[PDB]
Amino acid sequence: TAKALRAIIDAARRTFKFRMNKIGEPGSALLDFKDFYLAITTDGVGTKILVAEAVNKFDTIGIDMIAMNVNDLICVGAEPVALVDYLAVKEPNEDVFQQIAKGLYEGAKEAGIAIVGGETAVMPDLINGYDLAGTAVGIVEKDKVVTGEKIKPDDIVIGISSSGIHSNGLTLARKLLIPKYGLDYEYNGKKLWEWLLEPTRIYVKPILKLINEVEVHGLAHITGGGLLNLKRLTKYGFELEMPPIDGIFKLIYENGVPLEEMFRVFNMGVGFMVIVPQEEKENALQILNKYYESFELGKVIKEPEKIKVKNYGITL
């Protein structure tokens, strides 16, 4: 898969010269609009829509699509503004479309954005079900971009607790759990399809409020890659105490996926991470906990690169 994709990525990178010394030049991708940067991001829901089809429950899949886009905008400090959607279907089912629209409205409400357009394509010779994707745009001032460059040792890492499972980990979870257990298996009070369909969490409001009130050095959406999303932020290392394995991640880990790979695939209870100075710890926790449960995770340390999960004995 990776080999084929490099062709598209390499071709797109050659088009950057077409905006040289022009408005909107690229430099989330960040577009130079002189007065600000325009952040742009693109993501689909993936195979989580297969669980939605299996149980005829589509009213939260639009929350997932919006969440994957707007959470990647706030990574760089951008305020999400608008989103356009791409919906490709085999057949136009009125009742499914009304379900999808409810999740799109609620997701746009939490993210504080407007859904300003999109395309619905009925292609039964092409799609065998439902495919939902989207593109989001945000705005960030040029001196407010959160790059992670200001992350220094002794900075504190704070995690905001997650909700649902992302697309990459959901492929492994479906493939590992559905044949053995079935979608109707009850695990720890929730049926398996509920664990797999539960929408991911939208972090726009607590993060925008945090950035407005607190000195922030780093922002990481814990999506595909797990703690690897934290590693790309800085050349320094981390020393974390991740929360106990719990929920659906306990069942997956019980079913043979090694610890080292769990933290590289799933969010493991933390959906978003912030990095503030030592002194801002209590300010930051107090703001974020108005919204979701947030908690101290670890610190930035001097030994470069590696992430050391103390209470597990894992290194990434």
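All residue numbers are counted from 1 along the displayed sequence.
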note = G27 to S28: deposited residues not modelled, binned count -> 4 to 9
Stretch with the higher entry mean CA B-factor, where the candidates are 62 to 70 and 283 to 291 = 283 to 291
query = Taking only the CA atoms, which stretch has the higher mean B-factor in the record, 225 to 233 or 196 to 204?
reply = 225 to 233
query = Which one, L176, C75, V89, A111, has the peak C-alpha temperature factor per the PDB entry?
reply = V89
ask   = Say you rank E79, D125, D85, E106 by Cα B-factor from the PDB entry; which sits at the top?
value = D125
query = Looking at the C-alpha B-factor of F266, is it in the lowest, middle or highest third of its chain?
reply = middle
query = Split the chain's modelled residues into thirds by Cα B-factor; is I9 in the lowest, middle or highest one?
reply = middle
ask   = Lowest, middle or highest third: where is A136 by C-alpha B factor in its chain?
value = lowest
inquiry  = Ranking the modelled residues of this chain by C-alpha B-factor as given in the entry, is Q278 in the lowest, middle or highest third?
reply    = highest
inquiry  = Which third, lowest, middle or highest, does the C-alpha temperature factor of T147 belong to within its own chain?
reply    = middle
